[PDB]
Amino acid sequence: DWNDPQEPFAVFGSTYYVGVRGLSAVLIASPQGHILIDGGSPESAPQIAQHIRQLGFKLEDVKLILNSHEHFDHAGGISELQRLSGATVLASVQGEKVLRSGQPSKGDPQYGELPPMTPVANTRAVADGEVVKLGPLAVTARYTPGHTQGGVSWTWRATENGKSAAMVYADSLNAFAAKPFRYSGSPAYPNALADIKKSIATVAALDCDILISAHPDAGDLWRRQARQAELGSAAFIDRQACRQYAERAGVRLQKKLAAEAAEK
Ligand SMILES: [Zn+2]
Ligand SMILES: [Zn+2]
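Thresholds, definitions, all that
Residues numbered from 1 in each chain as written, not as in the entry; some residues may be left out. Chains lettered and ligands numbered in written order. Heavy atoms only, no water. Core = buried A, V, L, I, M, F, W, Y, C linked by side-chain atoms within 4.5 Å. Buried < 20%, exposed > 50% of the residue type's maximum accessible area, 1.4 Å probe, protein only. Helix = DSSP H or I, 4+ residues; strand = E, 2+ residues; numbered from the N terminus. Contact = heavy atoms within 4.5 Å. Pairing = 2+ DSSP bridges. Axes fitted to C-alpha atoms, helices over the stretch in contact; angles between N-to-C directions.

- As deposited, the entry is annotated with X-ray crystallography as its determination method and 1.780 Å as its resolution.

- The PDB entry annotates the protein as MEM-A1 of soil metagenome.
- Per the header of the deposited record, the title is "Crystal structure of MEM-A1, a subclass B3 metallo-beta-lactamase isolated from a soil metagenome library".

### Some points on the nonpolar core
So, step 1. Formed by 30 residues in total, the largest nonpolar core has its most connected members in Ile-35, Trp-154 and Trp-156.
So, step 2. Per-element accounting of this core gives the leading share, four residues, to strand 10 (residues 152-160).
So, step 3. Setting aside residues no more than four positions away along its own chain, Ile-35 makes contact with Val-26, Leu-27, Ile-28, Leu-64, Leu-66, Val-132, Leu-134, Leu-137 and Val-139.
So, step 4. Counting 24 residues, the second-largest nonpolar core is a separate cluster that includes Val-62, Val-89, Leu-99 and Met-117.

### Observations concerning the sheet that holds strand 12 (residues 210-213)
So, step 1. In space, the five strands of this open sheet follow the order 8-9-10-11-12, with mixed pairing throughout. Strands at the two margins of the open sheet, each flanked by one partner only, are strand 8 (131-134) and strand 12. Strand after strand, the sheet turns through a mean of 20° between neighbouring axes, direction not considered.
So, step 2. Across the sheet, helix 8 (residues 241-261) lies against strand 11 (163-170) and strand 12, angled at about 35° from strand 12, the strand it touches most.

So, in structure tokens, the structure goes:
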């Protein structure tokens, strides 16, 4: 279902959606080369490539591929997209380790139920708050771990027709765990609860004109895009979108902690 067809579209300025129906990917284009956020799953990668080409861009102009988090459904397509492009792949320090090996971390909240990925070469770790620069593009890494040990949300500004928008590619904030992992306390990933609560607050506080979340439905992307026909790019603007997304994650976390008590 996630990999179902989805036509690509301009979001704001040189920023495009190029993902699939249930898994985001975002192209940030420029005459000096492009930045691609995420690769979906292995099945998504050829669709993302076709979406990039369909819009009139070339894969070999993609210089950098950024990862939200190091799971099969968002990083699994990265190896193939890197093969098509020659791009360097960027991630947090923790995320980079999984991307390079393809092997789920033993501290992953979902460790045990995660498939391996094809190892990714030409990676580079980014620090929290590090700005990724490419010509007129400047994309900031905001560490938002908790869903994974290495999750990263990405922020940048896009411009068109004299207007500008604070763009937010939000990582998943969902407290989801494979047995026997517990957010209430697990020595494999001892800071998981503190991390996810801090990441929820981080995303809630972001300068957030246009939100695109790793699962697009979870940040209401299709509800907003459904108004593009009437409103143009303003359909995507909603300065409460990141706070609403973070509040929903906070509710899911409380439900997860309650479910964990019933297993204690
Ligand atoms: Zn995940
Ligand atoms: Zn996921």
